[PDB]
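Engineer: Chains as they are written, first to last, in the authors' numbering: chain u, 2 to 71; chain C, 2 to 272; chain o, 2 to 89; chain f, 1 to 106; chain h, 2 to 130; chain r, 8 to 74.
Take this structure, written in structure tokens, and hold onto it; I'll ask about it next.
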Amino acid sequence: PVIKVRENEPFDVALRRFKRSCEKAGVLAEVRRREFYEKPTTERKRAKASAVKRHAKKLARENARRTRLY
Amino acid sequence: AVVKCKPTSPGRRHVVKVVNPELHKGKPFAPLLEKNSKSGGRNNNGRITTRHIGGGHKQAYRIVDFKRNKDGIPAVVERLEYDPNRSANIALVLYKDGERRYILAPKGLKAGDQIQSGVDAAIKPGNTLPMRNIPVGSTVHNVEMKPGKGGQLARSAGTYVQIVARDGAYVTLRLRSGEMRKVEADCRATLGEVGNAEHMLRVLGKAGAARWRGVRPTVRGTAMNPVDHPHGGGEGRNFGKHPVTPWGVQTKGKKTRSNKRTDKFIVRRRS
Amino acid sequence: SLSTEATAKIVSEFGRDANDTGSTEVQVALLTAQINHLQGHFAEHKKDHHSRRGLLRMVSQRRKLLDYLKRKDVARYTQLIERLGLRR
Amino acid sequence: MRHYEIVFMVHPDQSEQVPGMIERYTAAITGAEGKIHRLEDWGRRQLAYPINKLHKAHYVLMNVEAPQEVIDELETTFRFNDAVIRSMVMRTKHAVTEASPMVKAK
Amino acid sequence: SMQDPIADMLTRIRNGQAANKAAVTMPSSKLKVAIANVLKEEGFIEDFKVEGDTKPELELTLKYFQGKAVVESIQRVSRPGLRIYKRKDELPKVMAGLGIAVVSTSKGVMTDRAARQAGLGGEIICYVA
Amino acid sequence: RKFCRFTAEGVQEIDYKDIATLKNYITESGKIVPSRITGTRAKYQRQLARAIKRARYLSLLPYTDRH
RNA sequence: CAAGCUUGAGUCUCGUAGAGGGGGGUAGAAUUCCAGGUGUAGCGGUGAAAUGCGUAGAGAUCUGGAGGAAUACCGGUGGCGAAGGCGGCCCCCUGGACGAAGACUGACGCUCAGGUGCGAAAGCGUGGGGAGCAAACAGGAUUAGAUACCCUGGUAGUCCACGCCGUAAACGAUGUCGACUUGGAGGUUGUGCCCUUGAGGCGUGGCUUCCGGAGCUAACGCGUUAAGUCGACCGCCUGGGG
Ligand SMILES: [Mg+2]
Ligand SMILES: [Mg+2]
Ligand SMILES: [Mg+2]
Ligand SMILES: [Mg+2]
Ligand SMILES: [Mg+2]
Ligand SMILES: [Mg+2]
Ligand SMILES: [Mg+2]
Ligand SMILES: [Mg+2]
Ligand SMILES: [Mg+2]
Ligand SMILES: [Mg+2]
Ligand SMILES: [Mg+2]
Ligand SMILES: [Mg+2]
Ligand SMILES: [Mg+2]
Ligand SMILES: [Mg+2]
Ligand SMILES: [Mg+2]
Ligand SMILES: [Mg+2]
Ligand SMILES: [Mg+2]
Ligand SMILES: [Mg+2]
Ligand SMILES: [Mg+2]
Ligand SMILES: [Mg+2]
Ligand SMILES: [Mg+2]
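Structure (structure tokens):
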């Protein structure tokens with residue numbers, strides 16, 4: 002998040018590095034998470050839904066690879 | 002411990018006893034005993050100046066060492082004795098030069114424990130040394146207001162003060178009442194909380210248990226006549242006025258402190 | 002826990018050889034030593050229910066082994082109880 | 001008796017008496033047949049974050065083969081001391097007499 | 002725990018027949034060998050062989066006919082939780098005489114058809130069909 | 008594709024004193040990288056987490072990017 | 001009933017992983033409050049607004065201090081625990097599990113009516129503590145009405161110690177124990193080997209997700225961790241309401 006201006010660095014690329022570092026640290030995401038209190042049931046349920054969807058998309062990738070269309 | 006009595010009779014049904022098995026059974030130390038006759042709340046004019054005091058069991062005063070000025074001399078605790086003259090228990094410490102003294106027993110103190118005094122005393126419960134050497138944030142008790150005057154603060158059963166800061170020739174103290182007060186760093190103090198913290202858990206149980214303690218019955222002003230109390234009396238239970246002392250200064254909120262000489266030391270008031 | 006020298010000692014005087022670690026009498030002696038050891042632990046860790054479960058497993062295990070010895074023969078059972086300090 | 005290692009951080013402005021501090025502690029352990037299996041005075045080091053309004057410190061790591069009780073008084077001397085800004089005691093599975101990577105680089 | 006080793010034997014034949022296994026293996030016992038002998042005399046199994054000394058094991062060689070299991074249904078009647086004993090005149094006839102009922106009588110473990118002509122009767126171990 | 012680094016050389020624990028192979032698993036904000044991206048084995052990532060926590064306790068390594 | 005056997009059940013030996021438990025410390029980020037500096041007209045909030053805070057100087061920003069609670073990243077249909085549950089790091093005490101090669105006991109086993117013990121959150125008793133959050137309650141909106149949803153506040157409670165309570169969609173809506181029955185991909189933890197060459201493969205265990213075969217099922221589906229094939233014992237059910 003802390004960025005220093007190097008030599009031959011215009012404001013354009015300076016702000017781009019700022020923004021890119023913002024996602025990499027993820028700071029905006031974690032602020033939105035703590036914006037509201039979430040129940041242990043709720044994080045467990047959301048993570049379980051996330052896990053099943055990642056896994057479902059995972060094997061759907063191989064099934065689409067192994068199937069033949071037209 | 003906290004012992005609840007069985008309801009063998011009324012006046013024993015609600016009694017809760019505080020029993021300390023480590024308290025010495027027998028007679029106190031003779032040289033350190035002195036008489037204190039009772040007053041009944043009466044001054045040298047013979048008039049009742051503080052009400053609701055009278056009678057109770059006869060007591061003898063114990064010369065308790067609040068100054069703790071036997072410096073550089075380690076002492077060993079012999080007995081933890083009951084003291085009728087305070088809510089805290091006392092300890093008969095025997096210095097290694099042959100002197101016995103009464104001190105306020107801290108929380109962790111027991112027979113055979115070593116206590117010490119002076120600017121080189123170790124940081125340990127029962128050790129007394131000035132706050133310029135006591136670390137900040139520690140719990141201390143038996144705090145003296147002026148150097149050499151002897152301990153005056155945190156002397157009840159389970160009380161203590163927190164040393165929260167120090168700046169130059171003063172230290173800031175959080176008192177058990179919950180205010181911040183500045184006291185000079187030359188003032189001595191004893192480490193640890195004072196013991197017998199179960200003292201507050203007892204209940205007297207009877208109207209006579211208070212009489213043993215020298216407390217006489219309190220008559221409500223609203224139960225009196227107009228000539229006796231401002232709350233006076235009417236037909237039936239009447240109370241149509243703001244609550245006041247028997248002398249017309251009204252309680253239930255009126256602050257009564259007026260001391261501009263000592264206002265400079267009170268960092269914050271209680272709340 | 003019970004240490005190597007502690008286990009290997011009580012098995013030495015409850016088992017005929019130093020390799021008789023499975024005899025019923027040495028098992029009860031091992032269990033008794035560990036149970037008496039944990040009494041010191043639980044005299045001031047009353048709220049350790051998870052560990053007290055393990056202690057009761059050993060206590061329950063010892064009762065079953067003692068029951069087995071009594072059914073086999075009361076002679077060696079009675080001798081074991083006296084020398085070990087149990088009642089019943 | 002088991003294998004411990006203690007690293008303690010002392011205030012930088014009182015680094016002069018730091019060498020003397022090791023002898024006192026090592027003498028206290030050795031009097032109880034404790035062993036000093038590794039010593040490394042790291043000396044001057046800059047901190048990752050400011051502790052006690054200061055950004056500099058004097059690091060001393062040490063490894064001891066010591067009884068259980070002899071380290072309790074060592075930790076309480078750190079707690080009531082003012083020289084050591086921080087202290088740390090850890091169990092170790094075995095002895096480690098080998099030097100640490102950073103000191104061999106420095 | 003393990004409380005009906007005879008039920009274990011019958012279950013292994015049934016599961017081996019269903020899964021088209023050539024052979025099954027299982028720890029041996031005298032009553033187990035007697036029931037295997039009954040099945041072998043009766044024609045329901047290919048051959049049984051006992052191997053080992055300290056831990057014997059019955060290696061049974063199952064039987065098949067075309068694409069179907071030879072044993073249509075094998076089940077246990079007398080069980081540890083319910084013992085069943087039958088007299089001479091009340092021996093059951095599994096499937097109207099086209100199946101066998103293993104019977105432990107005084108003379109030995111044997112079929113209902115042979116026990117009914119020996120005139121003994123006894124405990125009903127198993128139904129084989 | 009990616010293979011764990013500490014599997015290549017026999018390591019018995021991750022050493023907290025090290026700063027090499029600790030600074031690289033910390034990101035620019037001071038956070039510590041998941042096994043997902045750094046391609047390391049779950050056997051050592053618990054040790055790596057413990058090692059990083061010990062190091063940031065002793066101020067060898069920073070909690071955050073600032074301090 | 002008698003003697004025996006080692007395959008079930010255990011004991012010992014060396015290790016490995018783990019938010020398993022109880023006690024005591026400690027570190028960093030953040031929130032709130034107090035004291036002061038700088039500074040001026042807003043702040044805060046919403047679908048839109050208002051209550052509220054502020055010219056008696058707020059909010060913002062900087063430096064000190066108090067105090068309580070939880071432990072970002074790691075972090076993962078990962079791990080541990082009989083279940084409930086357990087997440088900073090360290091130390092003290094302590095339980096179980098699994099693996100390797102042996103030694104040893106010799107059916108000592110499974111299940112379990114009554115009984116006992118453990119058992120989220122909320123709640124109750126006594127004494128503390130109380131930053132954040134927040135039943136109740138208050139005010140402002142919304143609405144035909146709004147005892148709500150939204151907003152500004154806010155006490156109990158949430159935190160600690162010791163008791164009591166014994167209830168949850170306490171769920172895998174699936175009792176415990178044992179045996180047998182085609183497969184495939186993972187995760188996690190051991191362990192034997194192979195030119196160990198190596199940043200390579202072949203085996204063997206424990207636990208654990210996903211898909212699916214036979215079979216079973218009213219169907220959905222379960223499918224070697226069964227709801228398949230079977231045995232032991234226990235609990236329970238008998239139309240919907242009442
Ligand atoms: Mg009065
Ligand atoms: Mg009164
Ligand atoms: Mg009265
Ligand atoms: Mg009257
Ligand atoms: Mg009258
Ligand atoms: Mg009047
Ligand atoms: Mg009146
Ligand atoms: Mg009246
Ligand atoms: Mg009247
Ligand atoms: Mg009237
Ligand atoms: Mg009136
Ligand atoms: Mg008046
Ligand atoms: Mg402000
Ligand atoms: Mg609760
Ligand atoms: Mg309460
Ligand atoms: Mg609200
Ligand atoms: Mg649950
Ligand atoms: Mg229920
Ligand atoms: Mg149910
Ligand atoms: Mg059971
Ligand atoms: Mg499936």
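Ideal placement from N, C-alpha and C gives every residue a C-beta, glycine not left out.
(1) Ligand 2 heavy atoms versus the CB of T246/C: any closer than 6 Å?
(2) When you check each C-beta in the region 25-43 of chain u against every C-beta of chain r, which residues fall closer than 7 Å?
(3) Which full runs of the alpha helix (DSSP H) of 4+ residues lie inside the region 60-133 of chain C, going along the chain?
(4) Hey, would you say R177/C sits closer than 7 Å to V137/C, going by beta carbons?
(5) Would you list the one or two residues that DSSP bridges to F49/h?
(6) Is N37/C close to ligand 7? I mean its beta-carbon at under 6 Å from any heavy atom of the ligand.
(7) Strictly by DSSP, which residues pair up with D168/C?
(8) Helix, strand or coil: which one does DSSP assign to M10/h?
(9) Should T219/C be counted as a contact of ligand 2 given a C-beta to heavy atom distance under 6 Å?
(10) Could you name the residues of chain f that residue 4/r contacts, counting a contact when the two beta carbons are closer than 7 Å?
(11) Kindly indicate the opening and closing residues of the beta strand (DSSP E) around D41/f.
(12) Below 8 Å on the Cβ atoms is my contact criterion, and I expect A198/C with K108/C to pass it. Report the Cβ-Cβ distance as a whole number of Å.
(13) Output needed for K36/C: all residues of its chain with C-beta closer than 8 Å, excluding positions within five of it in sequence on either side, in chain order.
(14) If you measure from each CB to the nearest heavy atom of ligand 8 and keep those under 7 Å, what residues do you get, in chain order?
(15) Quick one: which residues of the region 3-33 of chain f get their C-beta closer than 8 Å to a C-beta of chain r? List them in chain order.
(16) Does the beta-carbon of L60/u have 16 or more other beta-carbons within 10 angstroms, so that it is buried, or is it exposed?
(17) If the cut is a Cβ gap below 8 Å, which residues of chain r does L47/f touch?
(18) Do the region 184-196 of chain C and the region 138-145 of chain C make contact, defined as three or more Cβ pairs closer than 8 Å?
(19) Look up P28/h in the DSSP assignment and say whether it is helix, strand or coil.
(20) Exposed or buried, which one is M90/f when buried takes at least 16 other CB atoms within 10 Å?
(21) Could you check what DSSP says for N16/h in three-state terms: helix, strand or coil?
(22) Once the 5 residues before and after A19/o are set aside, which same chain residues still bring their CB inside 8 Å of it?
(23) Please classify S66/r: does DSSP put it in a helix, a strand, or coil?
(24) Report the CB separation of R63/r from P69/r in whole angstroms; it is logged as a contact under 8 Å.
(25) For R55/u, which residues of its own chain have a beta-carbon under 7 Å away from its beta-carbon, when the five flanking residues on both sides are left out?
(26) Between which two residues does the beta strand (DSSP E) harbouring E5/f extend?
(27) Using the C-alpha atoms, what's the distance from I104/C back to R33/u?
(28) To the nearest whole angstrom, what separates the beta carbons of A130/h and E73/h, a pair I think is in contact under 8 Å?
(29) Can you tell me which of the three DSSP states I85/h falls into?
(30) Assuming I125/h and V78/h make a contact with CB atoms under 8 Å, what is their CB distance in whole Å?
(31) Closer than 7 Å, CB to CB, is residue 1/r near chain u or not?
(32) Just to confirm the assignment, what range does the beta strand (DSSP E) spanning residue 126/f have?
(33) So, for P85/C: in the same chain, excluding its five sequence neighbours on each side, which residues have a beta-carbon less than 6 Å away from its beta-carbon?
(34) For a cutoff of 7 Å on Cβ pairs, would you count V3/u as touching chain r?
Structural biologist: In brief:
(1) No - ligand 2 has no heavy atom lying nearer than 6 Å to the Cβ of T246/C.
(2) Result list: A26.
(3) Taking only runs of at least 4 residues, no alpha helix (DSSP H) segment lies wholly in the region 60-133 of chain C.
(4) Cβ distance not < 7 Å, so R177/C and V137/C don't count as in contact.
(5) Note: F49/h sits in a beta bridge opposite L61/h.
(6) False, no ligand heavy atom lies under 6 Å from that Cβ.
(7) According to DSSP, which records beta bridges pairwise, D168/C is partnered with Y171/C.
(8) Helix.
(9) Yes, Cβ of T219/C sits closer than 6 Å to a heavy atom of ligand 2.
(10) Examination of residue 4/r is not possible in this model, given that chain r is present from 8 through 74 alone.
(11) Run containing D41/f: 35-51, per the beta strand (DSSP E) assignment.
(12) Contact holds; Cβ gap of about 7 Å.
(13) Sequence-distant Cβ neighbours of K36/C in its own chain, meaning closer than 8 Å and more than five residues away, are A61, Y62.
(14) The filter returns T223/C, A224/C, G234/C, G235/C, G237/C, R238/C, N239/C, in chain order.
(15) Result list: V7, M9.
(16) With fewer than 16 Cβ atoms within 10 Å of its Cβ, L60/u is classed as exposed.
(17) Within chain r, the residues near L47/f are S66.
(18) Taking 8 Å as the limit for Cβ pairs, the verdict is that the region 138-145 of chain C does touch the region 184-196 of chain C.
(19) The DSSP-derived three-state label of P28/h is strand.
(20) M90/f is exposed by the Cβ-count criterion.
(21) Of the three classes helix, strand and coil, the one that applies to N16/h here is helix, per DSSP.
(22) Around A19/o: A9, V12, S13.
(23) In the structure shown, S66/r adopts coil according to DSSP, grouped into three states.
(24) Between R63/r and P69/r a beta carbon distance of about 6 Å is seen, short of the 8 Å cut, so the two are scored as contacting.
(25) Cβ neighbours of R55/u beyond the five flanking positions: none.
(26) Looking at the DSSP string, the run of the beta strand (DSSP E) that includes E5/f is 2-10.
(27) Rounded to the nearest whole angstrom, the CA to CA distance from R33/u to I104/C is 59 Å.
(28) About 5 Å separates the two Cβ atoms, so the contact holds.
(29) Under the three-state reduction of DSSP output, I85/h falls in the coil class, being neither helix nor strand.
(30) Contact flag correct, Cβ pair sits at about 4 Å.
(31) What the structure shows of chain r is the stretch from 8 to 74, and residue 1/r is not part of that stretch, so it cannot be assessed.
(32) Given a span of 1 to 106 for chain f in the structure shown, any question on residue 126/f remains unanswerable.
(33) Within the same chain, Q60 come within 6 Å of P85/C by CB-CB distance, once the 5 residues on both sides are set aside.
(34) Yes, its Cβ sits closer than 7 Å to a Cβ of chain r.
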